[PDB]
RNA sequence: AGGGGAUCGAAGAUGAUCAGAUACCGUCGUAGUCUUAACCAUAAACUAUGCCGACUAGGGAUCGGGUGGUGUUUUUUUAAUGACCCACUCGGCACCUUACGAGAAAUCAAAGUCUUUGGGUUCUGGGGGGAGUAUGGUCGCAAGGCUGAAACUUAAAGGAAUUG
Ligand SMILES: [Mg+2]
Ligand SMILES: [Mg+2]
Ligand SMILES: [Mg+2]
Ligand SMILES: [Mg+2]
Ligand SMILES: [Mg+2]
Ligand SMILES: [Mg+2]
Ligand SMILES: [Mg+2]
Ligand SMILES: [Mg+2]
Ligand SMILES: [Mg+2]
Ligand SMILES: [Mg+2]
Ligand SMILES: [Mg+2]
Ligand SMILES: [Mg+2]
Ligand SMILES: [Mg+2]
Ligand SMILES: [Mg+2]
Ligand SMILES: [Mg+2]
Ligand SMILES: [Mg+2]
Ligand SMILES: [Mg+2]
Ligand SMILES: [Zn+2]
Ligand SMILES: [Zn+2]
């Protein structure tokens, strides 16, 4: 939210649900951010380095947290099958 | 009725928590402990207390008592931990269902077979 | 008083005014 | 306000049932609102059964109960029979025992 | 649920649905060629006949009507198309 | 991103089928599960263990990722999981909660039960719902062992299981632990059946 | 009986978004639905959409992103007198800097900003933001 | 002395988190009031209303006191706390703290041109609580706060310069009205305009970057 | 839509319906029925001048106990009779 | 207006009860209760919730219809039937669990998709009394139905829930 002349104004640009791209606001204390570990050759899990996803309180309440994570991580490569885009 | 108030039952807890070494199945010495190690305004209230920190001690020696945990249990429990020498690959092969093996066939590789059927 | 007896009260009352007024038709 | 979804008692998809007469006070009450018990009991009783067979021809006989349905009227159902009056939640419970 | 392919439904879950609730609608009744070896030809019956379809030449029967699928007459045979 | 040898091996598969970790819930069957695989007739639904295995891996791949391994929390109010969780927490970092939960453990700093983790693992979101609820008052992600009739609100990444008892829950936890150690960790190489017995995890007696 | 075929198409889209979905089937589509769908799309408020041809009135699959608060229809298609356009946008848009009143005019189905630029007016269809 | 309990209280006292915008960035649940004291010290309070309530009891009437309180700077951080104790001051004390805990952010915008420093709202917003709906509408400069004394004061401490308001409901019940106005300005950072359509990489959580530098003992 | 027409040509129905329902307005109906001019001791006018017939001592309603000094007045343009209050302490002594 | 008139039974008369008891309880029992031909048009005529259309969420029962099965059971010689079991699908009468959502709440798959306020349409309400009264019209054999005011009076009447 820029201003008159190029200057960035209004503090704080909120995160977004990786799943629904809606804002995750402050009092949304039911939301979640899953850090998933980048790993290297022959197991081993490279500490401090994650593939990360966020998830709105809405979504988790509606029980869609597990299906939605599935699709998300799989089209990154951390799942191999499991999720069908058809029904 | 001789049901002990909370002040007594609470003080026993607190004592058995943090002085379990010292304290004994014996009231008489549990009595004396409570003087040196705690401040109580009446002989009667201390007796009352020591008699019950004694009771709690006596049945601890025969299995835990909920409320009181001096950590030492949780580590006796972790060392009191092991079993097995058999496991549950004998004998022969894994007995499966028609579709259990379909799951096998359609996903993976080699597994010993053993068909079933079942009805209504 | 119970609504229905009051409804009955005024039914009675109308039949009365209905009467008295006919004395002068 | 409204105090039950069954309202009085049990009538959704009709409009009019048909009154029964209360077994105790004779009060008419719709059949679906009735409140009912099967009075099944032996003709004899706890005591007479021994004394029954004893002073009888036949080996132990057979024995027949009496089977008759009861229709109570809420007031009559409350005043003695099946009633208590239950808490706001217990009222929901349709399980018998 | 929450994200799925409305454009490419699985054939199975498309198969269980109602005929007007598939993606594009079509019937689920078939036609058949039907014959009783007394004769040498093949009449074509509709799987839900309503009319008690009488054979070409011989007043025989072929299928009685029902609630839905016509019941074909006991000693016969058929193919779908 | 796929590891390469982290495919489901025939030794793990045998472990699982003997554990009946594929024998899913009967008539009951929560809409939110295509972890299924062909209705075995007369009630039982068969659970696709491949998917099971991957989830477990992703699970482990998120557990190891927590900086301090001891603010990973394991839960199990069901007796059939108490020996497991203690044995999971034993080997890895992880603080355990076996038996009764005690509400106010995540809200309410004032309690003596007070935890405050960065992740929660749970064995049966029916029995342990106290915790699943509690954690979504306060932004904790949740990993959970789920059958075909488990609630799935407020639990990300389900591990399709068989909380019908026995060895399943014990297996899954053992496999969980086994993988979090094979990850940035105190283990080994390829096959490597691991020293520790899988029957170590398991409800006792009688 | 179906009075506004547009009205169903918007409320469908609206209920999808609200429930966190990423697509909707809509039925039965129309020239007008398409053009309304087209405007929203041009402005980012939905993704791509596909017209499936039942041999009938059409179905549509919309793919929506989640930038969408509301897409509403205006039930009588009131005439707007080009000067009245200000009064509509104000009545029913969240601020003066984003969001659109979309409406039907002799020069095509177009949002009010294009309407302003082309200097035409007409009747009011609905809105997006 | 402070002695924080909670991970967040430690990280904050230990100078590892500098502003609540971070807290809101990651939606960190706040339990310790001292947190929002050190993180935002220009906070000035304001008792909004005090009223007697009464409870009937199996041995006495019980009339304790309900106090409604607003804290804020005048720079996009409000807090609305409601507390009832049996002495007035104790109600106010506990009320100010609750109000500090609930301190939320305000997105303010421009009535409709880019100029110098936001002065109004991003969008219209609505807040409901009970029967009352407080509705907030962006206004041109020097319009002022067009609102009742109470709601105006909550909107000033919140940092807003010009806004329009409309209310529906039994607005005389102050508790519900302010709560609705609160929820109304709370809603401004939930509303997705296109200026916020741009994708952000997804920041890492302080609770993990200073993982060690938090931690119990 | 619950209950009003929404159509583009339902303007008449919408006006009539309003007209019909204005009669539930207490002020509106008095305005059009001409209640002022018809009943009501003044014409509909702000004041009226009358003649003092007798001095009354009206006993006050509960929970109040008092004698409220008043006057019966016959309106000049009217002959309509009216009782009126005589405000403040004494002041009944000022009439006759 | 005819028939019928077992039963129960407004009215009436009685026995008790009661300070009284025109009642509650008991007895006698007229009309009535049933039927034909005609009237009447009202019920808390109730889900106190207009109709048509769309969309939004889970579960097990059940009624009707249909489809699928090397299902069960019926024996005869296997079938065909039938009844039953499983899966699905239309359309019903309902219940369960949830609530994204709604509400003043009780509660509600509508009472949701509403100040981010518009799918179509019918109807009714606008503080409480006065009063469903007065008056006119109209229908009715009657009882009464429909339509339906004001003057004046009044600061509350009222709803849901909470504690006593
Ligand atoms: Mg005469
Ligand atoms: Mg009440
Ligand atoms: Mg009542
Ligand atoms: Mg009826
Ligand atoms: Mg005041
Ligand atoms: Mg009226
Ligand atoms: Mg006089
Ligand atoms: Mg008779
Ligand atoms: Mg009598
Ligand atoms: Mg007498
Ligand atoms: Mg009499
Ligand atoms: Mg009526
Ligand atoms: Mg009813
Ligand atoms: Mg349903
Ligand atoms: Mg069949
Ligand atoms: Mg008064
Ligand atoms: Mg009460
Ligand atoms: Zn009775
Ligand atoms: Zn033939």
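Protein chains in written order, with UniProt numbering: chain A, 1 to 87; chain B, 2 to 89, 95 to 126; chain C, 1 to 25; chain D, 2 to 98; chain E, 2 to 82; chain F, 2 to 207; chain G, 2 to 130; chain H, 34 to 250; chain I, 2 to 97. Backbone N, C-alpha and C define an ideal beta-carbon position, used for all residues, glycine too.
Mind listing the chain H neighbours of residue i? Cutoff is C-beta to C-beta under 7 angstroms, in chain order.
| i | result |
| --- | --- |
| residue 31 (chain A) | 60 |
| residue 117 (chain F) | 39 and 40 |
What do you reckon, is the C-beta of residue i under 7 angstroms from a heavy atom of ligand 5?
| i | result |
| --- | --- |
| residue 207 (chain H) | yes |
By DSSP's criteria, residue i is part of a beta bridge. Which residues make up the other side?
| i | result |
| --- | --- |
| residue 112 (chain G) | G:103 |
| residue 64 (chain E) | E:73 |
| residue 89 (chain F) | In the DSSP output, where bridge partners are listed per residue, residue 89 (chain F) has none listed. |
| residue 234 (chain H) | Paired residues: none, contrary to the question. |
| residue 250 (chain H) | DSSP lists no partner for residue 250 (chain H). |
| residue 144 (chain F) | F:122 |
| residue 24 (chain F) | F:47 |
| residue 74 (chain F) | F:96 and F:121 |
| residue 50 (chain G) | G:63 |
Say the cut is 7 angstroms; is the CB of residue i nearer than that to a heavy atom of ligand 13?
| i | result |
| --- | --- |
| residue 11 (chain D) | no |
Leaving out five residues on either side along the sequence, give the residues of the same chain with a beta carbon under 6 angstroms from the beta carbon of residue i.
| i | result |
| --- | --- |
| residue 112 (chain F) | 105 |
| residue 34 (chain F) | 149 |
Cβ-heavy atom distance between residue i and ligand 7 below 7 angstroms?
| i | result |
| --- | --- |
| residue 169 (chain H) | no |
| residue 73 (chain I) | yes |
List the endpoints of the continuous alpha helix (DSSP H) containing residue i.
| i | result |
| --- | --- |
| residue 88 (chain G) | 86 to 93 |
| residue 57 (chain A) | 57 to 61 |
| residue 56 (chain B) | 44 to 61 |
| residue 68 (chain I) | Premise fails: residue 68 (chain I) lies in the beta strand (DSSP E), 68 to 76, not in any alpha helix (DSSP H). |
| residue 41 (chain G) | 32 to 43 |
Could you name the residues of chain H that residue i contacts, counting a contact when the two beta carbons are closer than 8 angstroms?
| i | result |
| --- | --- |
| residue 68 (chain G) | 225, 227 and 230 |
Which same chain residues, not among the five before or five after residue i, have their C-beta less than 7 angstroms away from its C-beta?
| i | result |
| --- | --- |
| residue 90 (chain G) | 102 and 113 |
| residue 83 (chain E) | Because chain E in this structure spans residues 2 to 82, residue 83 (chain E) falls outside the shown range and cannot be described. |
| residue 79 (chain E) | 33, 34, 35 and 73 |
| residue 84 (chain F) | 202, 203, 204 and 205 |
| residue 63 (chain H) | 41, 56, 69 and 134 |
| residue 59 (chain E) | 39 and 40 |
Show which residues of chain A have a CB atom less than 9 angstroms away from the CB atom of residue i.
| i | result |
| --- | --- |
| residue 21 (chain G) | 17, 19, 20, 22, 56, 58, 59, 62, 64 and 68 |
Could you please give the first and the last residue of the uninterrupted beta strand (DSSP E) stretch that includes residue i?
| i | result |
| --- | --- |
| residue 174 (chain H) | Neither: residue 174 (chain H) is in no beta strand (DSSP E) and is coded neither H nor E. |
| residue 32 (chain B) | Not the beta strand (DSSP E): residue 32 (chain B) falls in the alpha helix (DSSP H), residues 28 to 38. |
| residue 33 (chain A) | 32 to 37 |
| residue 34 (chain E) | 32 to 36 |
Kindly examine ligand 19 and report whether one of its heavy atoms sits closer than 7 angstroms to the Cβ of residue i.
| i | result |
| --- | --- |
| residue 45 (chain E) | no |
| residue 40 (chain E) | yes |
| residue 65 (chain E) | no |
Less than 7 angstroms between the CB of residue i and some heavy atom of ligand 4, yes or no?
| i | result |
| --- | --- |
| residue 17 (chain D) | yes |
At a cut-off of 7 angstroms, would you count residue i as near ligand 1, judging by its Cβ distance to the nearest heavy atom?
| i | result |
| --- | --- |
| residue 23 (chain C) | yes |
Which residues of chain F have a Cβ atom closer than 7 angstroms to the Cβ of residue i, listed in chain order?
| i | result |
| --- | --- |
| residue 38 (chain H) | 110 |
Might you give, ordered along the chain, the residues of its own chain that have their beta carbon closer than 8 angstroms to the beta carbon of residue i, omitting 5 neighbours on each side?
| i | result |
| --- | --- |
| residue 129 (chain H) | 78, 102, 104 and 114 |
| residue 226 (chain H) | 155 and 156 |
| residue 26 (chain B) | 55, 58, 59 and 62 |
| residue 19 (chain D) | 31 and 32 |
Along chain E, which residues have their Cβ under 9 angstroms away from the Cβ of residue i?
| i | result |
| --- | --- |
| residue 24 (chain G) | 4, 5, 6, 7 and 8 |
Applying a beta-carbon distance threshold of less than 9 angstroms, which residues of chain F neighbour residue i?
| i | result |
| --- | --- |
| residue 107 (chain H) | None at all; the shortest Cβ gap to chain F is about 30 angstroms. |
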